[PDB]
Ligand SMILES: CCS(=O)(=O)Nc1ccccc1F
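Single chain ahead, by itself, as structure tokens, in the form deposited without the named molecule.
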């Protein structure tokens, strides 16, 4: 029974290596990673791989790994797939811990924009969780943390993390992680998966996929939001992605909004992430 080596980048940046039979479905590898992580609330998470075009794809747990990675290396990342709108309702602290690690990467990467004060507050909770109570011994007037807090670090930000860290004395790691999440969950791009697209007129837009629904980021002055309930049907054809928006009370017919994606694979990927979010956040 021939087995393939799998390498998984974990949310703390470490590498997990295991073997699965070469015809294994994605669920097999995911179960091994989740067991390694002592993770029970697995429904929020998944594995990503980089395709032949170098795009992030979700590993479908129901299909063969080899029919997804195809010509590519069996190299994966462990990631949050469905960001819970209310992390306080997760049953386990260890779930909230992995969600914090993902969000720290979302922030450092610039995928999750954040004001100066929120960067410092989030950073202060991470430090409290990771190091415990503020200690002046490790912190002189010139201190710079090993922790990555932001896409661009400044001495002012490092100072503000320390000032807020001082206020968290006696906070336990679970407590600091919960505070981190109560702040992060409110950010306007929390849990938003962004896709480049063009509207029916050829104007460059971004489509965002999240728990609440679909966002079309057009102008800055113009952001259209379609709650999942308002979305009747999702479809793709060639390079195009279509949503069917319900009739408002007393209107005879649904409206169709069409988008042009860069290529057919980008359209299918957007379609699948929308279907999965629609299903997940219809049940939650």
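Numbering follows the first chain given and starts at 1.
Not on display, but discussed next: the form deposited with the named molecule bound.
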Exercise. Could you superimpose the pocket C-alphas so that the named molecule sits on this ligand-free chain as it does in the bound PDB entry, and then tell me whether the site is open or blocked by the 2.4 Å backbone/C-beta test with a threshold of 3 atoms?
Key: blocked
Quiz prompt | Partner proximity in the bound PDB entry: residue 139 to the named molecule, non-hydrogen atom cutoff 4.5 Å | solution = no
Quiz item: Heavy atoms within 4.5 Å of the named molecule in the bound PDB entry: does residue 86 have any?
Solution: yes
Quiz item: Can residue 94 be called a contact residue for the named molecule in the bound PDB entry at 4.5 Å between heavy atoms?
Solution: no
Practice problem: May I ask you to check whether residue 90 falls inside a 4.5 Å heavy atom distance of the named molecule in the bound PDB entry? | Solution: yes
Exercise. Pull the contact list for 256-284: residues with a heavy atom within 4.5 Å of the named molecule in the bound PDB entry, in sequence order.
Key: 280, 281, 283, 284
